[PDB]
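Take a look at this single chain, the form deposited in one PDB entry, given in structure tokens.
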């Protein structure tokens, strides 16, 4: 319980894969590390587990330094993608395996195995051998071993990637109810943002080894710190329009839309380090675009793609005011054929603004679900 990373760094030769990670994981917290493949998610969990050495920095688990502690003496349990079960043990044996080495009454053993067995949809396979199960079933068995063991700290490296879409959904639900009941510290890694939003108490976004941002789900969604975070968090990606600053004021920045459309708009974002003439990036999420019974800033274009998902419609629009096609989301079924002329509004209070260095001008509009000043 309780994990602290103080300037933890990792490097292979002259390549740095983990750069000065600073994290304070509180006891019982559910922390998700997210980012694309190659950003250093597994290397980080492996350093916590003691399966990789820490180049520099200190790692604390339960207040004690663990840099030099052997894997099995750190109080952690780890599960990962396509875990290999012991071929000669029965499902039940593979699930109680961790708890047995750690010593424990058979009473506690069977109690947990049975419980975890139900939760993970495996109570009927208890007596079979792993060779007789599906890839989805073995993975669940692997997850179960650690859940039965109940280590002081759970480390899960993309544990659900081996499951059908439907099973991932149910497993996420089960992982959540398990964390609530056990209250144990859990560090979970995924490349999937939806999963991070759903499971995490707090999320840490990794970008090629660096911590881009750490915060609650909504803190990342409403107030991303840079373009990377803004475009990583949010099912269908945030729209980005290249803009040019034309004026600045107290807690306010004005920009001009690109290409032909040269319309100027005021955005309620901090002017801190913004300078007239700066080429910047304007961000607006598909779900945040308005339907246009006049919003005072309108973009009109030609439908390129239309996705009917039943619960909602995702329209791809080509704006004559030239760029990349403006994705729009609206609830329920929206009737429009791929070719029509669709017009949507652009709400200033919902716009994000990124400098050339990618950093963001702090939005000042107050969003629900995130602690705000005043």
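For clarity, a rigid core is taken as the largest C-alpha set superposing within 1.5 Å between two forms. Numbering follows the first chain given and starts at 1.
**Student:** Which of 303 to 311 and 345 to 353 lies farther, on average, from the shown form in 7 other deposited structures of this protein once the rigid core is superposed (C-alpha RMS)?
**Tutor:** Relative to the shown form, the greater RMS C-alpha distance in 7 other deposited structures of this protein belongs to 303 to 311.
**Student:** Of the stretches 355 to 363 and 11 to 19, which sits farther from where it is here in 7 other deposited structures of this protein, on average over its Cα atoms, after fitting the core?
**Tutor:** Evaluated in 7 other deposited structures of this protein, the stretch farther from the shown form is 11 to 19.
**Student:** On mean C-alpha B-factor from the PDB entry, just flag whether 119 to 127 or 167 to 175 is the higher one.
**Tutor:** Per the deposited B-factors, the answer is 119 to 127.
**Student:** Test of understanding: from the entry's C-alpha B-factors, which stretch has the higher mean, 179 to 187 or 212 to 220?
**Tutor:** Per the PDB record, 179 to 187.
**Student:** Which of these has the highest Cα B-factor in the record: 96, 281, 263, 252?
**Tutor:** Among 96, 281, 263, 252, the highest C-alpha B-factor in the entry belongs to 263.
**Student:** Looking at 151, 277, 103, 144, which has the highest Cα B-factor in the entry?
**Tutor:** Result of the comparison over 151, 277, 103, 144: 103.
**Student:** Against its chain's modelled residues, does residue 361's Cα B factor rank lowest, middle or highest third?
**Tutor:** Residue 361: CA B-factor falls in the lowest third of its chain.
**Student:** Among all modelled residues of this chain, ranked by Cα B factor, put residue 312 in the bottom, middle or top third, i.e. lowest, middle or highest.
**Tutor:** Bottom third by C-alpha B-factor.
**Student:** Considering only modelled residues of the same chain, in which third does the CA B-factor of residue 29 rank: lowest, middle or highest?
**Tutor:** Lowest third.
**Student:** Among the modelled residues of this chain, does the Cα B factor of residue 67 put it in the lowest, middle or highest third?
**Tutor:** Ranked within chain, residue 67 CA B lands in the middle tercile.
**Student:** Based on the entry's values, in what third of the chain does the Cα temperature factor of residue 35 lie: lowest, middle or highest?
**Tutor:** Within its chain, residue 35 is a lowest-third residue by C-alpha B-factor, going by the deposited values.
Unshown form solved in complex with a partner chain; subsequent notes refer to it.
**Student:** Looking at 242 to 250, 256 to 264, 87 to 95, 271 to 279, which lies within 4.5 angstroms of the partner chain in the deposited bound form, counting heavy atoms?
**Tutor:** Of the options, only 87 to 95 has residues within 4.5 Å of the partner.
**Student:** Is residue 130 near the partner chain? Define near as a heavy atom within 4.5 Å, in the deposited bound form.
**Tutor:** Contact check for residue 130: yes, within 4.5 Å of the partner chain in the deposited bound form.
**Student:** Would you check, heavy atoms only and a 4.5 Å threshold, whether residue 76 touches the partner chain in the deposited bound form?
**Tutor:** Taking the distances in the deposited bound form, the answer for residue 76 is yes, it comes within 4.5 Å of the partner chain.
**Student:** Would residue 213 count as touching the partner chain in the deposited bound form under a 4.5 Å heavy atom rule?
**Tutor:** Residue 213 lies outside the contact set for the partner chain.
**Student:** Please check if residue 138 has a heavy atom lying within 4.5 Å of any heavy atom of the partner chain in the deposited bound form.
**Tutor:** It does: once the partner chain is placed as it appears in the deposited bound form, residue 138 has a heavy atom within 4.5 Å of it.
**Student:** Pick from 81, 152, 292, 115: which residue has any heavy atom within 4.5 angstroms of the partner chain in the deposited bound form?
**Tutor:** Answer to the contact question: 81.
**Student:** With the partner chain left out of view, choose which of 109, 72, 298, 208 has a non-hydrogen atom within 4.5 angstroms of it in the deposited bound form.
**Tutor:** Contact with the partner chain in the deposited bound form is made by 72 alone.
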